[PDB]
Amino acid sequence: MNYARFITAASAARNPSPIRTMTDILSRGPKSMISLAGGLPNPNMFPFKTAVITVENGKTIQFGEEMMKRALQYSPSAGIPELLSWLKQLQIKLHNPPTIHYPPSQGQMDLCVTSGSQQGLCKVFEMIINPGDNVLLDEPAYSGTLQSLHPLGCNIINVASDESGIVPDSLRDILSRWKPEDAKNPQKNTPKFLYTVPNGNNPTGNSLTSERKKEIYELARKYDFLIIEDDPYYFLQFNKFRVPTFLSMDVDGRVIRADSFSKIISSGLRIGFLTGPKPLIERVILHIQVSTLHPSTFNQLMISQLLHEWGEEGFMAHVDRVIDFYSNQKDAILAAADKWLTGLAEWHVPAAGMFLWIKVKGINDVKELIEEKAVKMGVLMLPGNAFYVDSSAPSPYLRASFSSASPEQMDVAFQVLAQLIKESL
């Protein structure tokens, strides 16, 4: 409703970078006209000439001479138009956001392709946070998010969470520190946003329920804060009826969503995208315009041509193949845990994602148990300390990945782990 409340002075001060202003009046109008105004290098000098990329369950992708020249040249900061248009239709199909036809100033849905979803998130955090600002999130959280927020000088207020994600009652009690009208008061420092990973949180594997999302959204309206929906495992849910997203219920235009292709299409190509209210997305684009400029044109065209030949049907079929693999991996690590860790640890079944979150009984810090008996016993898992703001506190938790291990390796790994628990206890 008043987006200036969520934009720093520095972010609001950004102005558009003109690599389109004079290259603008060239297509339409006088088609026979000469322009010595662009800042583009001559692509005929570039050494790569054609490309052929094979695809499993898809048509081979080919860049001919002219397409290769485009792939090797600058492109628009928000992304190439055919990828933006395909992704916009995907978001309408999956989430039907209420904001599609809003006026720009009151939150019209807008998309920005980013160089990985984390780039979008980082520039969103930078857009909003002044030192001393209060922000809300649930621990344990992705260590990369915690390391991104740390230098911004915000106070991170932990919201309680359980096996169904954020607990609305905890959020409501935290917010009772303020009155709703304090959000309009410059002195009061009400929280600027709530950040969460609603599906398959890294490291816990837990996901929010539909009922809790509705409750949380009502609190976000009442105290007027944004919801940053960081959803990189949205396409890795094992339920296969997906819970409606915050974006799908965002009648106010207060949700910024980050989607990722890193887990289903490619992490190395560095292509994700943000969806959110136009005034906030515009601030991110302007920051991109003076940093990365745009995501790799080559990699966007690879993905765009894949997605267009797949169609939404082929995309969802690919998603379902990937879910099938990870769900079988999940069953396998749960079976190994059932056999070897029962009575020595506790865990919840992951609802989505790639990780199993294991609490060891009768030990206060597993960092000693793991890092010390590592090279020794030949097994390695990740201590949970890194997923809390205070990583120095002791943690009895371990994060175990099931993305790659074979059932044999899982059995060996947990056999070894079980013996150390019984020796250290």
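From 1 onward, residues are counted along the sequence shown. Whichever C-alpha set is largest while still superposing within 1.5 Å between the two forms counts as the rigid core.
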Which stretch is less alike in 6 other deposited structures of this protein, 146 to 154 or 181 to 189, counting RMS CA distance after the rigid core is superposed? 181 to 189
Core-fitted comparison in 6 other deposited structures of this protein, 413 to 421 vs 10 to 18, farther C-alphas: 10 to 18
Comparing 217 to 225 with 292 to 300, where is the mean C-alpha B-factor higher? 217 to 225
Higher of the two mean Cα B-factors (340 to 348, 232 to 240; per PDB record) comes from 340 to 348
Reading the B-factor column of the entry, which of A400, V55, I34, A51 has the highest value at its C-alpha atom? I34
Max C-alpha B-factor within the set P47, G64, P30, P41 falls on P30
Lowest, middle or highest third - CA B-factor, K69: middle
Would you mind ranking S11 by its C-alpha B-factor against the rest of the chain and naming the third, lowest, middle or highest? lowest
Chain thirds of CA B-factor: placement of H150: middle
Taking the entry's C-alpha B-factors for this chain, is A335 in the lowest, middle or highest third? highest
What third of the chain, by the recorded C-alpha B-factor, contains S117? lowest
